[PDB]
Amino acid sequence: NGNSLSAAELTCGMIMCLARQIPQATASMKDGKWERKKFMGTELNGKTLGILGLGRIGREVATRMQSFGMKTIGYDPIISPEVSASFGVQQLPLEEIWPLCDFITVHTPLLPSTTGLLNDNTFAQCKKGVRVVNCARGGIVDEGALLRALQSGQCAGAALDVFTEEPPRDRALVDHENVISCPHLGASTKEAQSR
């Protein structure tokens, strides 16, 4: 609420980091390397962003990424489609969303219906090379399914602010070259902190 914008901002940063591998490029440069072919990236403009969860945060993400020319679709069980259309988000059933997306970001509570919202079954319906962001709650993206999708290249990259366990005790996800991460910084700004 108070911290809606901090969260939305971090999310949009993670989307741009996934498109251009800025974290990985900075580590490469700090190691004295100059690796230009390795960090060939993609443009956001024209790409499709799926926003799962269309409350305050998800709406803030949408309007920000619309300015980059991304197409914004999404799903929220409770938000009427008229409301989501007011902020430029086409609502579709989940089953319609998966194959359309270049990027998927989650802005849901952690409930049994959203634990593993992204899992092996939903990864398999995604377009090959989908990129995912979770700056919401640890466990929305099933971490084992995610590593499997990174290993096969079904998922081309992920950005995680949150983990099923914090700090994350299992490191294969975090240490993967196509994964960028933060220690649950979503609400960690001076402005969110100080009202």
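Numbering starts at 1 and follows the sequence shown. Definition used throughout: the rigid core is the maximal C-alpha set that superposes within 1.5 Å between two forms.
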To spell it out: superpose each other structure in 7 other deposited structures of this protein onto this one by the rigid core, compute Cα RMS over structures and residues for 78 to 86 and for 96 to 104. Which is larger? 78 to 86
Would you determine, from the values in the PDB entry, which of 164 to 172 and 23 to 31 has the greater average C-alpha temperature factor? 164 to 172
Ranked by mean Cα B-factor in the entry, 53 to 61 and 32 to 40, top stretch is 32 to 40
Determine which member of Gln151, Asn134, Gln66, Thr48 has the highest CA B-factor, using the values in the deposited entry. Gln151
Taking the Cα B-factors listed in the entry, which of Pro81, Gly74, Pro109, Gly116 comes out highest? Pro81
By its CA B factor, does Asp102 count among the lowest, middle or highest third of the modelled residues in the chain? lowest
Is the Cα B-factor recorded for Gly13 in the lowest, middle or highest third of its chain? lowest
